[PDB]
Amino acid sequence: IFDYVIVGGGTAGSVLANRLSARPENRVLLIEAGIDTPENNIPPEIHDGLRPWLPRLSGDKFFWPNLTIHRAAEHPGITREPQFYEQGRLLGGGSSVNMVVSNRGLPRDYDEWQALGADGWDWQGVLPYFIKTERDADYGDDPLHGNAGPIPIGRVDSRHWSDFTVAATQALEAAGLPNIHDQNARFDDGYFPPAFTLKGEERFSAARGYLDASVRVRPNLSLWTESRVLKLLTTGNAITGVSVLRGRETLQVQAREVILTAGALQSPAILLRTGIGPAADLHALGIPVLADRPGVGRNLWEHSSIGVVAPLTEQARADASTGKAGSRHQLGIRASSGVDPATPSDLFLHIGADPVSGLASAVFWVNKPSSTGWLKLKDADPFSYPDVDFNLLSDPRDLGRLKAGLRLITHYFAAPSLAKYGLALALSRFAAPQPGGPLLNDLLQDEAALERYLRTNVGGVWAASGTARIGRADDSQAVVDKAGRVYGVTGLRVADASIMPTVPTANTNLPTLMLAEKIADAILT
């Protein structure tokens, strides 16, 4: 019988399988639905870290195919449609298909988690785990940083910036923003070279860092790939195993503990199908109630995104080609919309230029939003995806933040070092930079068209989180305790981005690594 069965070998599941199997006495099985990515056969679309958008251009090969979501909140006069939402289906999960940035957020995010009932998940409580995961090439010997962890984190050198980047930084300085250098240990507003994870030009997923060739030969560690968990097995109020599809065979596997790391959209669907969820929703589908947990699938967080693109004028194109560090990430911007003063540093922006597509871009997102959504089962079948409603821009502050970021963009591009390029900025969906949207200067004058455009075209940043949140022992909307244990049953934990009480002011991979390290420590102690 396995001591731990870990469902989903993504970012979190990779950490948990490594840390829990480090004790020889723990017999650990990690199950992952997608392909393996062993060192001798990492697919090339995955392996190319300098082109980390590559997986998104190979259609659904590396993702949960036809996983569709509703994005923006329903609103009068707009007909929304289901949208494909990319989630990794392969060892390493999101870390195998992501944009390779590695950032922590801000102390306030985690102090918030503790204020909302996650005891010991304040900044002081999470920092050691941010330190444990990382090996920072630039600042690793400094306080607040790690120099020994499995996940490399580095930045491009300022001196290697393209003339286009330099020009954008001058525009930001004219707007009063300074270079803060280290977004992971300096927490006021400003711009910086983004921290990212790469091994030279190679992607370096959680699978490569936590499931390395030595880990894989641990005799107490079993790894099943192309293996899909269908259902949790139960005995009374204990979870006691899983049922697994491996090819055309179904297998039962006993476990002392099952840890769900199936991703923020799919972990809570497993919980619902197991009968852990809002009792009225479960009755509605004839699913026996094991525990009435009204928080399951609620509290769905995301980062709300939009793009701006312009054709590259000759000067801009030339300026864009002078960088000395290839197509790595060059520039990120942390800023305050001022919409709700209770939430500083609520915007993340990037300005860059791509000679290949021939476009300059200013993409950004609401990095600390106010809206949340939810997901529910469509039906009881184990193969169905959940019905997901991100409900973006349901809180009007988020709409105000989108408009403010667009005005910021206008301001930066009005500064001399950017205005000299003569770029004609137009709107675009965030993840599809392309022609077709209106001019930014024209749209901003038309309040009703602006709002309609934003509610129609708002996107996410793959930051799905919060659907099985940590919370206090007496809180009926909490799903798991401070160690990931699912309230109402035994033998079951959740330990992926589902457990975040709120989305951080951060892309979610590094906070996921951190939370997985913290949960693993809690289990082990």
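A residue's number is simply how far along the shown sequence it sits, counting from 1.
Between 245-253 and 87-95, the higher mean Cα B-factor belongs to 245-253. In this entry, the higher average B-factor at the C-alpha atoms falls on 358-366, of the pair 358-366 and 450-458. Per the deposited coordinates, the residue with the largest Cα temperature factor out of 108, 298, 186, 231 is 231. Highest CA B-factor among the listed residues (49, 466, 484, 471): 49. Residue 80 sits in the highest third of its chain by CA B factor, as recorded in the PDB entry. Among all modelled residues in its chain, residue 324 ranks in the highest third by Cα B-factor.
Ranked within its chain, residue 393 lands in the middle third, by CA B factor from the PDB record. Looking at the C-alpha B-factors along this chain, the one for residue 141 belongs to the highest third. Ranked by Cα temperature factor within the chain, residue 263 sits in the lowest third according to the deposited record.
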